[PDB]
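# Examination of the molecular architecture
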Amino acid sequence: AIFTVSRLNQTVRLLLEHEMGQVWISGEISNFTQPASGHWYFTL
Amino acid sequence: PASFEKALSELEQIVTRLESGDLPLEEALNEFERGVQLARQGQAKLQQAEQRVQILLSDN
Amino acid sequence: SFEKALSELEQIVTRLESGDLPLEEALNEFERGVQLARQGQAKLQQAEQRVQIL
Amino acid sequence: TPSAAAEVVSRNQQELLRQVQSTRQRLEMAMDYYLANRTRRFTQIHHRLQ
């Protein structure tokens, strides 16, 4: 099969979402920011 | 007052034509100032757009 | 209709991720969307049961 | 069982509600990325002028 770009990202997303699932991770908060809508964005 | 597309499109000309160095430093000020006024209108449109977003979602 | 609204809301997202709109259209599109989202959720929780016999 | 009969005929209200919530999270997140891209583009063109 030849993947179009859209289908590739679809299958990649389904893969990680199905294998790694939900995990507990630790790290330091870096580059914090909070736009108008109220969501939190940051890098670990 | 202008659409955001006009704001950046116009400012593109000023920097491009001003950066060329094709004028004395004391002559281009008829335009270098014109850059600032374009920036003010562009920023005014953008910042109020951000507030317009928050009022819609901040209703709860 | 919930499914029509859900499908219509789905197309609002798709355009915003193509990234070709002017600011006014984007904000206009955004207010079309979120407004349509609340209306849909409220209508889901507002209906109730009906039954009759014979 | 009679209870299972209602389960195979009827939809799931909570799943639809989880559907409309998730699509709103995507819609809200989309605008944040859309504005940031436009804001940074204006920010750099402003820096060049300065």
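In this report, the structure presented in the accompanying data block is examined. Along every chain, residues receive numbers from 1 upward following the written sequence, which is not necessarily the numbering found in the entry; those without coordinates are excluded from display. Key to labels: chains lettered from A, ligands numbered from 1, both in the order written. All values in this entry refer to the displayed chains, which constitute part of a larger assembly. With hydrogens and water stripped out, all remaining heavy atoms of the structure feed into the side-chain values.

### What about helix α1 (residues 4-19) of chain B?
Across its 16 residues, α1 of chain B extends 22 Å between first and last C-alpha, which sits within 8% of the 22 Å expected from 1.5 Å per residue. Using a 1.4 Å probe on the protein chains alone, a residue whose accessible area is under 20% of its type maximum counts as buried, one over 50% counts as exposed, and one in between counts as partly exposed. Put simply, DSSP marks the helices as runs of H or I at least four residues long and the strands as runs of E at least two long, and each gets a number from the N terminus on. Taken together, the buried positions of α1 of chain B are occupied by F4, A7, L8, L11, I14 and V15 of chain B. One side of α1 of chain B carries all its buried residues, which in axial view fall inside an arc of 120 degrees. In what follows, a contact means two residues having at least one pair of non-hydrogen atoms within 4.5 Å. Close packing links the buried residues of α1 of chain B with α2 (29-57) of chain B, α2 (23-46) of chain C together with α2 (13-49) of chain D. Positive phi shows up at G21 of chain B, right after α1 of chain B, with a value of about 75 degrees. Multiplying 1.5 Å by the residue count of a helix minus one yields the expected span of that helix. Directions pointing from the helix axis toward each C-beta atom define the arc.

### Overview of the nonpolar core
What is meant by a nonpolar core is a set of buried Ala, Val, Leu, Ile, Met, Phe, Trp, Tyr and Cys residues, joined one to another through side-chain atoms within 4.5 Å. Membership of the largest hydrophobic core comes to 29 residues, with the highest contact counts inside it found for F4 and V53 of chain B, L23 and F30 of chain C together with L27, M31 and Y34 of chain D. Where this core is concerned, the elements lending two or more residues are α1 and α2 of chain B, α1 (2-16) and α2 of chain C together with α2 of chain D. The element best represented in this core is α2 of chain D, accounting for 8 residues. Apart from residues lying up to four places away in sequence, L23 of chain C is in contact with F4, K45 and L46 of chain B together with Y34 and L35 of chain D.

### Observations regarding the packing of α1 of chain C against α2 of chain D
Taken N-terminus to C-terminus, the directions of α1 of chain C and α2 of chain D make an angle of 20 degrees; their axes are 10 Å apart at the nearest point. Viewed along their axes, α1 of chain C and α2 of chain D adopt a mutual orientation that is roughly parallel. Read as a crossing pair, α1 of chain C and α2 of chain D show a hand that is left-handed. Residues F2, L6, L9, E10, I12, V13 and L16 of chain C of α1 of chain C form the contact with α2 of chain D, whose own contacting residues are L16, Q19, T23, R26, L27, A30 and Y34 of chain D. Of the residues assigned to the contact of α1 of chain C with α2 of chain D, the class counts are 10 nonpolar, 2 polar and 2 charged. For helices, the fitted axis covers only the stretch in contact; all axes are lines through C-alpha atoms, and the angles between them, taken along N-to-C directions, range from 0 to 180 degrees. These descriptions rest on fixed angle ranges, namely under 35 degrees for roughly parallel, over 145 for roughly antiparallel, 65 to 115 for roughly perpendicular, and the rest for oblique. Two helices that cross are described as forming a left-handed crossing if the nearer one is turned anticlockwise from the farther one by less than a right angle, and a right-handed crossing if clockwise. By the convention adopted, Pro, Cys, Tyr, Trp, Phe, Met, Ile, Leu, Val and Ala count as nonpolar, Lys, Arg, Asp and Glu as charged, and the other residues, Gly among them, as polar.

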